[PDB]
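First comes one chain, alone, set out as structure tokens in the form deposited without the partner chain.
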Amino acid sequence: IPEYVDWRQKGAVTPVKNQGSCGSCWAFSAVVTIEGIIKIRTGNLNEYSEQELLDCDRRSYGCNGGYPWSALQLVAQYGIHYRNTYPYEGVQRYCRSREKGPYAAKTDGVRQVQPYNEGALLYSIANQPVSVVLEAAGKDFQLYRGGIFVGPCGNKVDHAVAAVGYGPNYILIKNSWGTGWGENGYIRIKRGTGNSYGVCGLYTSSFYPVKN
């Protein structure tokens, strides 16, 4: 795999979103990976519905948090609608898939990256955007403005995001806190420290969709 990856340069990443006060990061994270794999497999970049996963993933807890893996399983079992068909409202509502017509896209499964393994995560990122988790509660992460972030942070993961690239000293992360946070909505997080948790626990729990 190469020394630099940046799926934005391959046209596989949509604009940065803002989840608002709702604890829906798990759905935003999942959607980034769906947008990426559909572009990689079909050549078209589309936006898909975080709100649909928020409403319809019965294993997750709406705005009280949730699981990227179960959101991705929902897209593999059923499918997902375009964002315009099912736009983001920032509050959990009833699942309205069955009233919004046929699904726009469908995947074929979900895989987990071997946890606590930097090279395994880089290998997956070289192939597609990946859903990852990290500890975002610390003020240093909250106030990040730019540069390669080293912390301070612990490993008590609480926030799902998406890895869309990497370089020799960092992993490139699309956050869901709007374009005014970080590097136009992104953070580069230090890698190569030898801590098996990853900086801010970045290697704890990583999943990606499979699409034939």
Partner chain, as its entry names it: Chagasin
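Positions refer to the first chain, counted from 1.
There is also a form deposited with the partner chain bound; it is not shown, and the following applies to it.
Asks: Does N184 reach the partner chain in the bound PDB entry if we count a contact as any heavy atom within 4.5 Å?
Replies: Flag for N184 set to no.
Asks: Check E47 for me: does it contact the partner chain in the bound PDB entry (non-hydrogen atoms, 4.5 angstroms)?
Replies: Residue-level check for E47: no, no contact with the partner chain.
Asks: Using heavy atoms and a 4.5 Å limit, would one call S176 a contact residue for the partner chain in the bound PDB entry?
Replies: Yes, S176 sits close enough to the partner chain in the bound PDB entry that at least one of its heavy atoms falls within 4.5 Å.
Asks: Contact between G165 and the partner chain in the bound PDB entry at 4.5 Å, heavy atoms?
Replies: Contact with the partner chain, no.
Asks: Taking 4.5 angstroms as the heavy atom distance cut-off, pick the stretch from 132 to 140, 73 to 81, 101 to 109, 118 to 126 that is near the partner chain in the bound PDB entry.
Replies: Stretch with heavy atoms near the partner: 132 to 140.
Asks: Just one of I38, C56, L172, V157 has a heavy atom within 4.5 angstroms of the partner chain in the bound PDB entry, so which one?
Replies: Of the listed residues, the single hit is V157.
Asks: So which residues in 17 to 38, when you check the partner chain in the bound PDB entry, have a heavy atom no farther than 4.5 Å from it?
Replies: The stretch 17 to 38, when checked against the partner chain in the bound PDB entry, contributes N18, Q19, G20, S21, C22, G23, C25, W26 at the 4.5 Å heavy-atom cut-off.
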